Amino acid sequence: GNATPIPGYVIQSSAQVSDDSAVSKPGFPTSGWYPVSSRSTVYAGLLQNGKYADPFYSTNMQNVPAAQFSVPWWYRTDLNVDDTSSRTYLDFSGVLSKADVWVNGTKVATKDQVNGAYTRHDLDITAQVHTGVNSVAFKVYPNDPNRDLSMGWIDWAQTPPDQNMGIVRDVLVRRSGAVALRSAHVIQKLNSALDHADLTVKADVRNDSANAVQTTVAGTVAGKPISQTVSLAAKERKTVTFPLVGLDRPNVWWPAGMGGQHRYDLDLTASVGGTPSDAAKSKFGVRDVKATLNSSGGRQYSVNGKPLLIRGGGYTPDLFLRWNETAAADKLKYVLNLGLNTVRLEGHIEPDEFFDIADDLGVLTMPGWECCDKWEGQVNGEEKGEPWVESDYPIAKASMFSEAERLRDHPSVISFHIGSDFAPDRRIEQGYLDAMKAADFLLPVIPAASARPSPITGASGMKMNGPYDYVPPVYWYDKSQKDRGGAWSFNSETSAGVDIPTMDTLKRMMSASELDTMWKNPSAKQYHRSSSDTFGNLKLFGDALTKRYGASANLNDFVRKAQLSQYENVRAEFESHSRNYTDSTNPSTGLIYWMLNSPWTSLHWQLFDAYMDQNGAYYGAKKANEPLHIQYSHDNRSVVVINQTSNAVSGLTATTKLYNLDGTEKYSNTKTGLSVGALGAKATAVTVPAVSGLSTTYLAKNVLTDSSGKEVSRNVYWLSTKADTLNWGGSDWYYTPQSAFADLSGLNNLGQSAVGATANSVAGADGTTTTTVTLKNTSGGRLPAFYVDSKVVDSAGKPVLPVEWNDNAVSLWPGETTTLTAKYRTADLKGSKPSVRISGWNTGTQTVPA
């Protein structure tokens, strides 16, 4: 029943090994070999040993000699074995790109067999293995994402010097008797009422002994006893199907906020001769998922019979695949703190623990294969990625089987994308469908993330029309342009491009000269945007910033205007899709922001940055996705209430007020007694009329109060009398240009106001600290404290990360008070007392103790 992951390896280039067979013999000298932990790429391992400088800073990464990664590298460990009574197995995946496998001097498998990042292998090594010290070595071959059915980085970042070559999941050393137990899972079916479920337990048994046996596979599923006895010839594998098991009132798994996230347990032992031979424990969820095309042809998801607007972002792991379980939980928690329900994974499909965590938190996942390299090389034409040869087809098929087998019992998984930009052809699709069938993977199969259909599964129901770079907020409200990225159908991957991180992050990722160049010349290439020429610079963003907010006075000015621009755009991006979700015709059915986070330190395509800091894009998404939310439509001036919760709400008041930058109220409306249905339904409070007398730049304050009088949503907009308009005719694939620009430059001259702050910190029994901060606009005038940003910092004024606020980037009118809560791990203070740093657009900066 034993499965023990290999803790670590020493690695070295094959340049230093002239007899392969000598690596895996007990006693082979490893003078100068680099010690690495489990799940390390080669570069990750060399970084761990301090061999190269931090690639998150400047062009450090450019300075790594890449040539050394065009040959094999070895991963070697010893393995103590006290006994050869039990058989021995290597069970693993995550080899990029392929490897030879050696045990004690014998080559047990070649790189023709062990090939493909996602392919699992189960190598019986009983023959080679002896008592005492054993050695095992992988000779891992160079990775080329266009040639290998592997992982590559598209245009998200810059190419990692080793191209991730190595072993990026665990290798398990399994022991067991004559019978090996594999592939235990539970098929689960819920009635439409959600009060009864039927369970089919399936589990493979394999007799690897030389003699025929009887085996009993027994254990528990969801608290219920199960038992089957079968015969196995020598070397025979059987799939055991257990009789149906009824489960009354199942603790149904729900997305976050819609209920609990219970997983049930399956626990099994294969015995031989009234003696345990192998055992496996796993978990599953009781949850129904559907993804169907609506009458408009848009892909529509529903969980346990409840339709959902998918609101999420494209997730990426670390650029060098450095794995850390807490980091993964921390990233997934941010999804919830943002109010998002989903993460998309375009390839780079994470280790299991990532999905246990998503399961435990109720964050929905949309895994799948990636575009723009080998996976799509047979269908994607001149796009990078090599046409397939015959040997590719089984690797591809086996990869789906292995992934489908990993993922089938994780309730968070809602579909698998078998294509990204291009749908697979018939042969390739049939190989995926058969693989999924054989794995009992029963989830929706989405043929592509673009509009392109597959020959069997058919239409995707999704759209990939861009944009991926600067568009103004009103663009997101377009339903007129069918080749564009407005709020309709299912937006599988889109954003407004550049997302300048916080000043603290910037100072950690870029040099003074690099930062100088960023604001002065946005047209210049940035190593920390992308390797692609199309997205190598910040020009479009730079141009729009200057035009819309006014020319940048200095770096501080640029960055402060970037956050406003990012908050403004991401907010509208999400808000538009929330509003249009309940349209009769061509509703929005999904939005995946490109992207949730970055593989590394970046300037684009992110909500939270590599260090988990939180900027304007972060707060904008968080604002847009509040559970009970008031918003302003950039297209038609409608004030809309959105209810993301699972129950209808009543007796709401929606209050809208416009202010000039001198603080003069120019419009007021109070809409009492609104009702709004559950899970994304909306209500209209008012359409703001054309108000005469507004300053060119002005403010809109939207406030939502429940029937108890509690303020439940506050939303402040900086608007212009001068409209954003689009030159549609002049679009290309990645953005639509502007024919005219809004004038928000008024904000440059907004008078100073004040705040107004007091902070206290409680150190909990769960290892977390809560810092509470009460803010008050203390000014004696009529000017609001606009865009007030609070940060939990240590004694040196360095932000404490990760962190989770109930709310932030707030705007308070004179006399007004809000109380904010920040939760974080007490140990992440590293002994410091907590403080709070408080910066407003027009309030300067102060730090208070906490």
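All residue numbers are counted from 1 along the displayed sequence.
Here 107 to 115 and 745 to 753 are compared by their mean Cα B-factor, and 745 to 753 comes out higher. Judged by mean Cα B factor in the deposited record, 706 to 714 ranks above the other of 706 to 714 and 561 to 569.
In this structure the maximum Cα B-factor among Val252, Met165, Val129, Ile630 is found at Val129. Comparing C-alpha B-factors across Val286, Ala449, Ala690, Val335 in the deposited entry, the largest value falls on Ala690. Placement of the Cα temperature factor of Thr41 within the chain: lowest third of the modelled residues, per the deposited record. The PDB entry assigns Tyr57 a C-alpha temperature factor belonging to the middle third of its chain's modelled residues. Placement of the Cα temperature factor of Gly431 within the chain: lowest third of the modelled residues, per the deposited record. Sort the modelled residues of the chain by CA B factor and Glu346 lands in the lowest third. Annotation for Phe28: CA B-factor lies in the highest third of the chain's modelled residues.
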